[PDB]
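Worksheet: the structure to be examined is printed underneath.
Both backbone and side-chain heavy atoms feed into the values below; hydrogens, waters and symmetry mates do not. Here is how names work: the chains are called A, B, and so on, in the same order as the sequence lines, proteins then strands, and each is numbered from 1.
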Amino acid sequence: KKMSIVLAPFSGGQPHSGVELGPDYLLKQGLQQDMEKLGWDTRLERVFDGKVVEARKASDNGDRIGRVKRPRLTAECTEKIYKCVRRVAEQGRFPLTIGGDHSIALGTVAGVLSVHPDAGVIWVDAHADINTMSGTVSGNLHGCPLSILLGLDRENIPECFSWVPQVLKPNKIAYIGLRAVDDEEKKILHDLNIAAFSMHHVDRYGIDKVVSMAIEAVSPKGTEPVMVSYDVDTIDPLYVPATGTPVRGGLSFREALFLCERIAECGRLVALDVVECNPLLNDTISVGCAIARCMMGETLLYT
Amino acid sequence: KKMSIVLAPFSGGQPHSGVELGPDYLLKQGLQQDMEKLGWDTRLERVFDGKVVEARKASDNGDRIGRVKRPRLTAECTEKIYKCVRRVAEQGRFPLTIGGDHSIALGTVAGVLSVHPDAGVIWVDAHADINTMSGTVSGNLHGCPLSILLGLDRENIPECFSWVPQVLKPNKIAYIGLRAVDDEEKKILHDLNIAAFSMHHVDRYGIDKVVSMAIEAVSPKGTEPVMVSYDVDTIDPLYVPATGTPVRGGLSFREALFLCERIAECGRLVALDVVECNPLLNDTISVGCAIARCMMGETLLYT
Amino acid sequence: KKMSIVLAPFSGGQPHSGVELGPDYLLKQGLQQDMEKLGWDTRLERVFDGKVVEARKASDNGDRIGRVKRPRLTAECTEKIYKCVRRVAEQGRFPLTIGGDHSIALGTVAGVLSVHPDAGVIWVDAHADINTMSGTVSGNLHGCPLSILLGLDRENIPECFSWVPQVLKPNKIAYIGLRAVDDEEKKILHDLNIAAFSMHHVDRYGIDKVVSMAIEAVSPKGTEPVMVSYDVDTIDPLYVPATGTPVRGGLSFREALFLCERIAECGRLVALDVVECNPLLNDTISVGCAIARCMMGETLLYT
Ligand SMILES: N[C@@](CCCC[B-](O)(O)O)(C(=O)O)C1CCN(Cc2ccc(Cl)c(Cl)c2)CC1
Ligand SMILES: N[C@@](CCCC[B-](O)(O)O)(C(=O)O)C1CCN(Cc2ccc(Cl)c(Cl)c2)CC1
Ligand SMILES: N[C@@](CCCC[B-](O)(O)O)(C(=O)O)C1CCN(Cc2ccc(Cl)c(Cl)c2)CC1
Ligand SMILES: [Mn+2]
Ligand SMILES: [Mn+2]
Ligand SMILES: [Mn+2]
Ligand SMILES: [Mn+2]
Ligand SMILES: [Mn+2]
Ligand SMILES: [Mn+2]
């Protein structure tokens, strides 16, 4: 029962600074102490210095390819995260990665699935994060990691991302909480038959049924390891106001944590990302910590 | 696939001014552009000038019969709306009427059912809007349109409302979202066996079951056209603060739009009212637009 | 159909003053008038003077046994409440007790079950209120009444509580709404197999199923009288901000009142506490009144 808390203070996936402060804020909130109380032997893993990285992010406007912003810096930092997370998983430790914007998932998902090839990925997000290189409008790479992970628009992915192993398949990723999906993304999810449970489905079936369906969708044998990549903007701005891309109307605070409890309950969680905490906009950070505690086993009654 | 956006800037059904600004605010928010994007060939229909009408509303205190306020002005303006909506439906266009207080529904429901006799009416509201002429306490006619439409308290309805066709029957109207029903209204709903799904039923069965039951209640053959008259005060003041008669605790923003999606889904929507937007109290107007988009086919994933 | 509104202005169960103002605030809000409208012949019962009691509470810091605060004052005041509530029930009247912090339930539960031995108790609360004398950390007795009622940690309950009849058994108490349960309390609920429906269960099954399961848990014959002790902090601080121990994320305003309607519906409610209203922190007091009205029969539609 060992855990590595992977610190990924990266902001180059989106315009706003402050999200790179995520990891330190979560840790100051007592994240590591929380995990130890739940019985986890923890250690911290520093992938890079957030301030040095932020310096290059803020300065280097020339880091563009087409509409895509910072593909070089992002490719470098996410390869670092990949190597770290992969080693953690090979060591037999649980990789709990704290972001940082969601572009870091390019490294975390690649890292985990390289060790666990049949791992399912549950993407908890208001967004699909699957815009292609030529398809993206904002050019913000935190809205693109799944397209790169899936190898979509192959001929337009820059050489600096050549390091990304092709280990994720469309039938191994399930969305929960979608409500701001771009037109291009809509077509992609449809064409690729990706399991997508939007807010419509949560409203229609309830969060318990949705989580069950999401788990089943990425675990046919019912035995597969499961990874969750958790964007805090899935949770309605009423609870998560300090996040870069707030969307209504999202998960309640209750649904957001219940989701974690159902996942913890299934006992097959192998890795977790908690991303897009931007402290410069207590609630957002305490929600991040709460997600961690519930995911890693904290319950309301005796266990 | 043609639509007429019927502008009904009327405020004479209730004391507060500002609700007559509804139509222009929704249009400035981009309502017409939204409908065109969804594939609708649209055009605007101006029934009357809201400023001229508001002038007579604010001045003419003598327009009273008993406790009922502005029965003459209301009867005149709603007859205009009736003739417009009826012609739109006869032209084979979808009447999307923007209010304006809910007294305009006297014209919209009469207009639609005169063309579609077997159309069901789903009344989304915190209130029953079915107080009679002699029964009303406030005397505000936006809380009375269904009594007139149903022909209740026949001997006490003023001659100026003689134009109203008797086309609505009690078994063709279903409420969703009730939580502030007057004692007299309670008795009426009971005595007439009107399908009424209060917040209790939403809490008990969930919004999906409630919407299903409401649709079934007004469509026995499962083939009948369906009209929705949507009062924005059904939605909890937390989401719709700028409305004349706010009531707790109502539909969530999510339930309010999910309702629209289920209706759009059934494919039998023939007309829609969006009423009681009072901008003088972004959320309320954007909610009004959102209701329209979801009702007319906008989905979270690919369609 | 007779009711006694038992006024229990007690604050000695917790540090904060103001909760003793509960009863008067609820009454000024029109609590008694509300009950009369619902058909109840009401009368007020003053157990003690809240100002005189508050005077001794604020002054007497020496009233401690170990970590437990004010065991003497609490034992005295709750014995008074016990004798009052017991007499009310023997008179054949409905005891509706307004607090006051939740330590008053030591008197109300004892009073009711002494007259109705097979009565079930539904404890609506964010907390378990079952910390023992030696187990409590805060030493606040409003978090301890159920341990005393159940006779737990027998050898450490002060002599001043010797008056408490042992009438409550573990299989006759059901929780609804738990989300802040101490580690010691968790073990107790588990060891004693007490029916506990946390926010997890509300999230998982919905409030209707939870209330049904709670009623069944304390009423095997399906005939037993039912008592509800309602802590207003069960309701999310968004609706109940003026309460001493606010916890997220709790019941919605809708769930909180729906709960009351289901209970009223079963027709076996024999007594009700409404506690922990602390006006010095309109919403909180109006919620208290609303709980009362819904519990005692108020419905959204005709009845
Ligand atoms: N996809 C985005 C954001 C990417 C989010 C990255 B994440 O915060 O890590 O999930 C990107 O920058 O690529 C934008 C693109 C433009 N849309 C516009 C929009 C607004 C409202 C609605 Cl309902 C819809 Cl369907 C679309 C918002 C997300
Ligand atoms: N019916 C009303 C409002 C009519 C609303 C028109 B609508 O905004 O278009 O739906 C009218 O003016 O005729 C009043 C009458 C007095 N009641 C008092 C009341 C307050 C709280 C509760 Cl829980 C209940 Cl049951 C009743 C409010 C609505
Ligand atoms: N049990 C309490 C409060 C008793 C409430 C009395 B009531 O307001 O009448 O229900 C007492 O003073 O005895 C405290 C003890 C310390 N816990 C700490 C805590 C905080 C958050 C969580 Cl999630 C958990 Cl599990 C525990 C809070 C309640
Ligand atoms: Mn994301
Ligand atoms: Mn997102
Ligand atoms: Mn209305
Ligand atoms: Mn209304
Ligand atoms: Mn309590
Ligand atoms: Mn409590």
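Contacts between A:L178 and chain B at a heavy-atom distance below 4.5 Å involve backbone atoms as well as side-chain atoms. Proximity to chain B (any heavy atom under 4.5 Å) is shown, for A:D236, by neither the backbone nor the side chain.
The environment of CD in A:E184 is sparse: at most 12 heavy-atom neighbours from other residues, nucleotides or ligands sit within 6.0 Å.
When all heavy atoms of A:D183 and B:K37 are compared, the pair lying nearest together is OD2-NZ, 4.1 Å. When all heavy atoms of B:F253 and A:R248 are compared, the closest pair comes out as CZ-CD, 3.5 Å.
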>> As a quick check of understanding, evaluate side-chain contact (heavy atoms from CB on, under 4.5 Å) for A:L189 and B:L301, giving each step before the final call.
In response: CA-CA 8 Å; A:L189 305 203; B:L301 302 172; 4.2 Å; yes
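Identified by a heavy-atom distance below 4.5 Å to chain B, the contributing residues of residues 190-216 of chain A are A:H190, A:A196, A:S198, A:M199, A:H200, A:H201, A:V202, A:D203, A:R204, in residue-number order.
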